[PDB]
Amino acid sequence: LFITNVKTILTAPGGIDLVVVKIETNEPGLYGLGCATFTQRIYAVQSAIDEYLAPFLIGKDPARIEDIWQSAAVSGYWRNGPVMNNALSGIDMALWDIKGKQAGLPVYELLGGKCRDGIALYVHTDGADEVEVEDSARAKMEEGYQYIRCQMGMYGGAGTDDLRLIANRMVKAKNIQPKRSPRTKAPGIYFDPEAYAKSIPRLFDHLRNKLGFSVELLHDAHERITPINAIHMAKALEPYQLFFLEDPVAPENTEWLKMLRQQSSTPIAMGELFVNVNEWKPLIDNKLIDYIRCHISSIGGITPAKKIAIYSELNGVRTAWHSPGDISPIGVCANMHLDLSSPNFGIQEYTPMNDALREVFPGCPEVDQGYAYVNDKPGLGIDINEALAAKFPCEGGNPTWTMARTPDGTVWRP
Amino acid sequence: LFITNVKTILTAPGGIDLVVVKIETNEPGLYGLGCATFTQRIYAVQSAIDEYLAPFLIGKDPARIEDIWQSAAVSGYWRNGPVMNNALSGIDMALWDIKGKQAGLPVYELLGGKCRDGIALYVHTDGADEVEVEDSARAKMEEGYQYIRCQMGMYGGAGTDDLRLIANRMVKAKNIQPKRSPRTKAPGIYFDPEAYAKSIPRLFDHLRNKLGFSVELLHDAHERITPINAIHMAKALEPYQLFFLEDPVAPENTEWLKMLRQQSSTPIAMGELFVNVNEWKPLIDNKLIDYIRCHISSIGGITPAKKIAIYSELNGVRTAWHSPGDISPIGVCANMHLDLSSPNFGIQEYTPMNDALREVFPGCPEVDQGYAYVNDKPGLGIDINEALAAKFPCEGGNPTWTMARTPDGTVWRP
Amino acid sequence: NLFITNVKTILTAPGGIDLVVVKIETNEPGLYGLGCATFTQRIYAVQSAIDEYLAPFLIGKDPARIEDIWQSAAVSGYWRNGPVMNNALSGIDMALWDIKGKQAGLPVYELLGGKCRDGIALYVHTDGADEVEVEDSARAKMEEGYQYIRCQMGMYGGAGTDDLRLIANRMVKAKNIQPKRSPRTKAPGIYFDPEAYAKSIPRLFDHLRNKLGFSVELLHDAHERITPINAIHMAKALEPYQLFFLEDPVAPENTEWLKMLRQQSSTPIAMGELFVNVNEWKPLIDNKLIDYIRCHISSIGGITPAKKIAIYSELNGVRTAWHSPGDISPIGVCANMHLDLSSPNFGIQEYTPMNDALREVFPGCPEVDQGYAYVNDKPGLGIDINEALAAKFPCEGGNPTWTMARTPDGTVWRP
Amino acid sequence: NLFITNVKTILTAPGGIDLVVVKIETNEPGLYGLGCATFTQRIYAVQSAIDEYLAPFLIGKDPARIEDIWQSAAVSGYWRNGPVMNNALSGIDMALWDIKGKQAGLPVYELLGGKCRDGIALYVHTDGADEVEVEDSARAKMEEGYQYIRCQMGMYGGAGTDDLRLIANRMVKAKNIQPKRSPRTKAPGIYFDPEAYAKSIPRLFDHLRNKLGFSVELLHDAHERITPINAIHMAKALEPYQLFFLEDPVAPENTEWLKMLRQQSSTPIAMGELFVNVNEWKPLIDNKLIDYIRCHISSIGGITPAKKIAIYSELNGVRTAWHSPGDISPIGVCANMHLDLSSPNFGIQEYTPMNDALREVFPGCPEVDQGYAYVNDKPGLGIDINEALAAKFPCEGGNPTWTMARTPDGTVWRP
Ligand SMILES: O=C(O)[C@H](O)[C@@H](O)[C@H](O)[C@H](O)CO
Ligand SMILES: O=C(O)[C@H](O)[C@@H](O)[C@H](O)[C@H](O)CO
Ligand SMILES: O=C(O)[C@H](O)[C@@H](O)[C@H](O)[C@H](O)CO
Ligand SMILES: O=C(O)[C@H](O)[C@@H](O)[C@H](O)[C@H](O)CO
Ligand SMILES: [Cl-]
Ligand SMILES: [Cl-]
Ligand SMILES: [Mg+2]
Ligand SMILES: [Mg+2]
Ligand SMILES: [Mg+2]
Ligand SMILES: [Mg+2]
C-alpha cells in the first residue's frame, strides 16, 4: 500500500473559503480526507501542499503516520507557522482517515474509544445592547444549547470606519461611550478597547439576572485590550461565573498570564492563534489556562492535537478546539473524534452548517438539543463530493476585519 | 560635514527654567536643537555641556548618532545620572534634528513613520475638595480633553509649613483630617500621607458619580506614601477603573512592585525620576508596570528613549513620557515624534503653553480638542529665536517644594 | 505624497540557490524599493503569500508608514508568526526601508543610528573530511585575512551533503566517523550518528588549537543534531578550546533545556537561525541563555523587527550574529550589514562568497577585503536588481533531500 | 457489538521468574486479548486485585472503550496509584489494546502512529567480579552485535545475588570491593558497602574505556544504593567516560535531590522503574531532571498511560527506556516494543534473553539479531499464550531475599 496522488480542493459551500486535502492510494476506492483550512491564506496553503508535501508523499506507505508527520514537519527546515502547519494538517488528517478505513474503525476508536455519548456544544450569540444579547441567548437556549458565547457590539465600536454614530447611540442609552478620534484618521474598522472593557461586566450582570445561573456563559476578549485591563476584566467577571473568558491576551503577551493567574479565579481559555510549542507548553505547564483552544489544523493535525490534549490532561487542563465557520466539515469531525476519545474534553464550539455543506461533505455530525452525535463510519466518517464542491468556488481576497484600529488610529492585534 | 560649535541657551518663556542645546555645522544654515531641561539643576547641566560635551564634539561628523551617544555616555567614566543624562540628551536630540534636516524628513519619519494621526493628551486638574476637582475636570472635558489627571489638595496638606488650618477645614467639612505636629518643627512644606491615602478612593467615587465612566481619569501618588499603603490605594481604586495610578513607589522602592502586582489590577505608571537601566529594565521585564514614564532628557535623549519604547513594546508595556511644564518645546516635540512612531504609545501628558513659548520656539505642535498635531517640517520641526529667548532669563534658585515633611517633621521623597 | 503602485516577486537563482526578492514601485519615476523574502525551501508558498495577499494589500498606500504597514500586514491574515508569513512580510518591510533611504538620500544604516564601526567583521566556513583537511582549510582562510572561522568536519552531524540546495556544492562526509550499525532494513534518508559526531568534536578542536593557536577565533555549529544533555556535555568539553561560539546546541522546540546548560558551561552560545516567534527568542535573551542571536532576519519579518531584536539583545548584553549563508539574497546580505553597522552590540557577520553572477544580477553587493565587509554609501540598501539578468537564472524548486536526516536506527531527527 | 465475557489471571514461570498474565475473552469466538500484570514480588495480591475486582467489573462491557475503562477501573476502588493496583489495571489495559488491534486487523504499533524505525535498539547486561571479567563480558556482547551495554561489577551495590527471583541466576559479588567492618553482631540481610561501591565505579569505567574504546555505548545502574550527594559526585566523576546513562541515582522518595544533581553534572540520567504515581515522574520530566524515563509500564497501569508518559516526555525532550529485565512477561516485552516502534522519542530498550520455554509458552516473541529486536506484524500485540504449557511452569511465590539490603552497620537500605 502506497500513496498515488495528493490534491487540494478549494471550496466554500458555507460561504467561507475551505482547503481540503485528498490522498489517493493504490487500493481502489481507499483514500483519505483532511482539513487544511487557514481561510485567510488558502492560496499559500495550497502551494505548500501541491508544490511540496504532495510530491514528498508519492510512493510512501501511508501507515507510518508519525514518521510522515515528523519528516514532513522538518522537510523545509523552517517550521512552526500557520501556512506550514495547515499544509501538514491536511496530510495528517487524511492519513488518519486512511488508517481508520484500513482498520474498519472510526478514528475515535483508534484514539482510545468513546469517553462520552454526545459532544456538548457552545454557540455564538450577539446583539447591539444587553437586551438584544439576552434575547439571542434565550433563543439558543430554547433550541437546547446549554453553553452560550455572548458578545455585545463589536469591541466598543460598530464594525465600521467611524465611532461617532455608535457613540451617539450610547449617549442616548446612557451607556459608556467610545472616544472621539483625531480630525483625520487612517482607514480601518474602528473600535474602543476602553468602552468595551468597562461595559462587559454589566452585560453579564444583566444576563445572569435574566437567564439565571444554570446556563453556562462564555465570552471572547479576542486579544482586544491591554493585558492589565484583561486582568481587571477577568476579576470583574468573577461574580458571574463564566464557563470561560477567552483570549484575554495575544500570543505575543502570554507572559502576562502569570500575573493574571495570581489574581483571578475566572476560568481562562487561550490558543486559537497558536502555532508553536513555545506558545502553548509554558501555559499548560504552569496552569495558566483551563482550556486549550487550538485550531487543530494550525498546529498540524490530529497527531499533534492528540499530544496537546494529553499534555493538557496530565496538567488538569481541558480541550476546547477552535471551530467556528472557517474550518471544513472534515476538521469539525477531527475535532469531535478527539473530543470523544479525550478524558479531558472541555467543550466544542459549533457553527451551524447549511444544506450546501451537508451535501458537499456527506457524513456531517448530527446535532440534537445542544449535543453533536458523530457517525460510526470508518476513518473520519466524512466524504466530499468533488463535483458539487466545484460549484462553490472560493472568493479569496484580503479580509477587512483584520485592520482593527483604536480611536486614535492605532493598528491593534485583531 | 562636521560640528563647528555647540552652545547652551538658558531661557524661561513659560515661567519655568529651560536648557536648550544648539549644534552648528559647517553647512550654512544647518543646525540642530535639543532639550537638556533638568530645571532644578540648569547650571550643573550647562557646565556638563559647555565644559565637556561641547569640546568633545567639535570637528566630529554628526551623522554617527549612536557612536556619539555611546562614546559621550562613557566619556566621564561615571555615568547614569540626571546631570550627565540631560547633557547627553541635549546633544542627542540636536543630532537627530540634524539627521532629519539632512534627510528632508521629520524625525518621526526616520523612527518608523506615523502609527496614528493625532496624539492623545492628558491634562492636569485639581482643587481643594471633590467638588472643586469635579468642576476643574468638567472644564477640561468641555475643552475636548478625554484623559484627565485629578489631584486634590497637596497630599493631605495645604502646600504650606503648617497643617492646622487645613485640618480645621477638614473638621468643618466632616472629612478625614491630617495629624497634629510636634510642638516645634523644622521648616518645610508639610503634608500628611495617611490623610491623603485614606481620602483618595472617595475622591474617585465622587468623580465617577458625577463625570461618568466614559472619560479616562489618572492619579499621581508621586512617591508620597509607604509602599504597603500604595498597594492598598491601588486596590481601593480598582472599582473606579483609572487609566493609571502613577508613581506608587520611589525608584529606591521598586522592589515593592512585585508585591503590588500580585494583588492589584489598577494600571500602574512609573518612571519620571528614572536615570538608570537597573531601575526601568526589571520593571518592564517582569510586567510590573503598564506605562513607562521617563522624562526622556533624564534618560539621555531620543536614542535611549526609542530603545526603552521598544523594550516596553516587546513586553506589552506602553509609553507615557513625562511632559509637564519643565520640558522645553524641543523636548515636547521629541516626545511626540516618538509617540507618533511607536506602536505602543500610551498617552501624552501636556501642559498648555503660553504665547511666549510659542514665539520663542516657532513650530510648537497644534492642540485641537484633546489631540496634538505636530508639523511636518524636517528634523524636530522646531526652532528657537535666540534674541527673544534672551528676553526671558532664568530665575534659578533652590525650589521650596522639594523639602516635603510629614506631620512629625520627617523629610520624605517629594 | 508617494504611494505604492505595484508590488512584485522575483524568483531567481544566480548563486545556484533559489532566492525570493520583492520589488515595490511608487508613483515617482525611478524610485522603488527592494527586499528579501528568501525562505529557499518554500519559494512558491512565499510567492503566493506576497502576490495574492500582501501585494494587493499595499497598493495605494503611503510607503512612509513603515511601522503601521508592518503591524497591519503582520496581522492581516489573523494567524501569523511563521516562516512563510514572516518572509513575505520581510520582503515588503525591507523594500519600504529601501524606499525611505532613497527618499532621504541616505543609506538605511544612516537612518538606524549611523556607523558604529568602519568595517563589518566576517566569519567564514571551513570543512573537511578529517582534522587535517579542516586544519588546512582554516589555515588558508587565516592566510586570506579572516579572523573568525567556523570549523565543521563533515558539515552537520558529520554527514556532509549531496544536496546542492544547501551550499550549492556537494560536501564530503567525515571519513573517520564510525557510526553505529543500522537495523537490517531501513528507511530512505541521509544517515548520521549523533553519538559519533558529538565525540568527534572536542578532538577536532584540540587538534585545531594545537596546530593553529589561540589567536584566531573558532566557531562550531551543532545544528540541533544531538540530544540536549549531550549538547551540555559538548559545551563543557569545548571550554578548554575557547570557541567564539557554539551554535544551535538545541532545536527551538528544546529551548527550555538552555537553563540547565547555562548553569554548567561557560562556552559562548549562539541560537536562532530557525526562530519565527517572539516566544522563542525573548525568554532566551531575557534570561541570558545565549550570547549571540542568530535570526535569519527575513524569517522574523524584516528590518523593522530585526532592529527591535537587536535592541532587546543590546539591553541584555547579548550581541548580534545574523544568519547569512547561501540562502539569502544580496538584498538580505545588505540589510544584515546595515543593521550590523548601526548596532552597538554587533557580534559577527557570517559570510559566504557571492559569485560573479550574483554580483551582476544584484549591482551594489558589499566589497570584502581582508576579513571585513565594506558596504557602499548609496541611498537605501545600496543594492539593485537587473530583472533581465535575473530571468536568466530560473529557480530549481523542489523538496530538499538533506532535511530527511535519520539516526542509525532510522529515526527522523530535526535536521 | 463485542462485549467482555470472561477475565482471568494466569500465573506462570517459564523463564524461572514468576509472571502474571491476564486473558480477556469476548463473545466473538477466538477473539481474546492478553496483557501483562507482572509485579513479580506480589503475584498473589495482583491476582486478587484482578480476579476479585477488575474481572467482575468488566463483564458485559464493550472492550472498545479503552480509555473509559482505564479511567473508571483506575478509580473503582477509590484509592489508587500503587504497584498492586496499577499492575492489575495494566493486565486489563494491555489486553484491551490487544483486542483493539485484532478487531482492526493491525498491530498495536500501527494504531499508535505506525513505525518510526525498522528495528528496536537493545542494551544488555554485563557483570563480573572484577574489571577484567566485566571487560571480557562486554567484549563478548560487542562481538555478538550489541551496541549498548550496561556494566555492573557485582550487580547492585557490588553485592551480586543469591536470590533466583531477580535474574533466575546467582550472580557473584564484586571480589575486590573492601567493605567496612560490621559491629560485633548484626541482623540477617544481604550486606553491601555503599562507599566502597561508589568509589569502585569511576575506576571500572576508566578501565572499560581504556580497553573497549569510546564507540560502544556503556550504561550503569546505581539502583538507589548510595546517598544523594554521593550520587551527584558519582555522576560528575563519570563525565569523562561519557555514559549513555547513569540509572536510578536516587530513590523515588529522594527525587527532590535531582534539582541539585542537574545544576552540576552533564552525565545523562535515567529514572523510574519504581514509579507508580504521576507526582513522581511528572516534575522530573517538566524540569528536565532526567534524560530517560524508565517506567515498568505495568507498574504505571499499561499501554494507555505509557503512551501518555511517552508523549509528555517527547514534548520535554526526554526519551523512553522502558524497564524490561526478567520480571516482565513476553506480553509486556511486546507492549514495550510496540510503544518503542511508534514513539519519535524512543531512547533504548533493555533486553534480557527469553529462553526456549518462554518462547514456547508465548508464541510470537520478538526476534533478536545483531543488537536489534524485530517484532512480528501480526494483529494486536502479536503474542499468544499456550495455557496448557503455561500450567507446566507453576510459580515459586515467596518473599525475595535480595530486598533485605543492609549497610555495614546493619541499616536497612532501599534496595
Ligand atoms: O472564537 C472564535 O470562534 C474566533 O475568535 C473566531 O471568531 C475568529 O475570529 C475566526 O475564526 C478567525 O478566522
Ligand atoms: O507627573 C508629573 O508631571 C510630575 O510628577 C511633575 O508634577 C513633577 O513633580 C515635576 O515635573 C518635577 O519637576
Ligand atoms: O549556520 C548556517 O549558516 C546554517 O546553519 C545554514 O547552514 C542552514 O543550514 C541553511 O541556511 C538552511 O537553509
Ligand atoms: O534495571 C533493571 O533491570 C532493574 O533495576 C531490575 O534489575 C530490577 O532490580 C528488577 O526488575 C526488580 O524486580
Ligand atoms: Cl507559516
Ligand atoms: Cl498498591
Ligand atoms: Mg476566539
Ligand atoms: Mg508624576
Ligand atoms: Mg547554523
Ligand atoms: Mg534498574
Side-chain angles (χ1 to χ4, degrees), chain A residues 38 41 44-45 48 76-88 275-276 298, chain C residues 17-18 38-42 45-46 49 77 79-89 123-125 150 152 155-156 161 163 165-167 171 219-225 247-248 270 272-274 276-277 294 296 299 321-328 350-352 400 402-403 415, chain D residues 17-18 38-42 83 123 125 150 152 155-156 161 163 165-167 171 219-225 247-248 270 272-274 294 296 299 321-328 350-352 400 402-403 415:
Chain A
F38 174 0
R41 301 288 188 276
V45 172
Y77 192 48
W78 286 274
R79 54 206 187 241
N80 298 311
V83 176
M84 308 294 293
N85 292 2
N86 271 274
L88 186 50
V275 296
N276 195 308
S298 291
Chain C
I17 295 168
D18 295 344
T38 295
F39 175 2
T40 192
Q41 298 85 357
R42 302 286 190 276
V46 177
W79 287 273
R80 55 205 190 243
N81 296 315
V84 175
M85 304 297 293
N86 293 4
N87 270 274
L89 179 55
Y123 77 87
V124 286
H125 296 183
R150 187 184 83 166
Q152 308 293 126
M155 211 181 279
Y156 310 131
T161 194
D163 192 346
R165 290 177 179 80
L166 247 187
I167 217 39
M171 182 68 70
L219 293 70
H220 183 69
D221 190 347
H223 211 284
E224 61 179 2
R225 289 289 183 124
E247 175 189 341
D248 290 4
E273 69 192 46
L274 278 165
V276 295
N277 192 311
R294 296 273 301 146
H296 181 75
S299 290
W322 308 120
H323 174 261
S324 200
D327 46 316
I328 181 171
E350 189 173 18
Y351 177 73
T352 55
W402 69 271
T403 50
Chain D
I17 295 168
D18 295 344
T38 295
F39 175 2
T40 192
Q41 298 85 357
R42 302 286 190 276
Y123 77 87
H125 296 183
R150 187 184 83 166
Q152 308 293 126
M155 211 181 279
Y156 310 131
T161 194
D163 192 346
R165 290 177 179 80
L166 247 187
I167 217 39
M171 182 68 70
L219 293 70
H220 183 69
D221 190 347
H223 211 284
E224 61 179 2
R225 289 289 183 124
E247 175 189 341
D248 290 4
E273 69 192 46
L274 278 165
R294 296 273 301 146
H296 181 75
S299 290
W322 308 120
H323 174 261
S324 200
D327 46 316
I328 181 171
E350 189 173 18
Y351 177 73
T352 55
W402 69 271
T403 50

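Counting convention: from 1, in listed order, for ligands and their atoms alike. Computation of the quantities below employed the complete heavy-atom set of this structure, encompassing side-chain atoms and omitting hydrogens, waters and symmetry-equivalent molecules. To find a chain, count down the sequence lines: A is the first, B the second, and so on, and within it residues start at 1.
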Atom 1 (O) of ligand 4: which of D:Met155, D:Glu247, D:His323 has the nearest heavy atom? D:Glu247
Considering heavy atoms of the protein only, find what lies nearest to atom 13 (O) of ligand 4 and give residue, atom and distance to 0.1 Å. D:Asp327 OD2, 2.8 Å
Should one rank D:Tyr156, D:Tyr123, D:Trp402 by closest heavy-atom distance to atom 6 (C) of ligand 4, which comes out on top? D:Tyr156
min-distance protein heavy atom vs atom 3 (O) of ligand 3 -> C:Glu350 OE2, 2.5 Å
Looking at D:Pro325, which atoms of ligand 4 are within less than 4.0 Å of one of its heavy atoms? 3 (O), 11 (O)
Spell out, as yes or no, whether a donor-acceptor pair under 3.5 Å connects the side chain of D:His223 to the backbone of D:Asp248. no
Under 4.0 Å from a heavy atom of D:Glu273: give me the atoms of ligand 4 that qualify, with their elements. 1 (O), 2 (C), 4 (C), 5 (O), 6 (C), 8 (C), 9 (O)
Quick one: nearest non-hydrogen protein atom to atom 9 (O) of ligand 4, plus distance? D:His223 NE2, 2.9 Å
Check ligand 4 against D:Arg150 and write out every atom of the ligand that is under 4.0 Å from a heavy-atom position of the residue. 1 (O), 2 (C)
Subset of ligand 4 atoms that lie under 4.0 Å from at least one heavy atom of D:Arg294: 1 (O), 2 (C)
Closer than 4.0 angstrom, basic N to acidic O: yes or no for A:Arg79 and C:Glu224? yes
As an exercise, identify every atom of ligand 4 less than 4.0 angstrom from a heavy atom of D:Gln41. 12 (C), 13 (O)
Within the 4.0 Å heavy-atom shell around D:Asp221, which atoms of ligand 4 are there? 1 (O), 2 (C), 5 (O)
Per-atom contacts of ligand 4 with D:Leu166, taking only distances under 4.0 Å to non-hydrogen atoms: 9 (O), 10 (C)
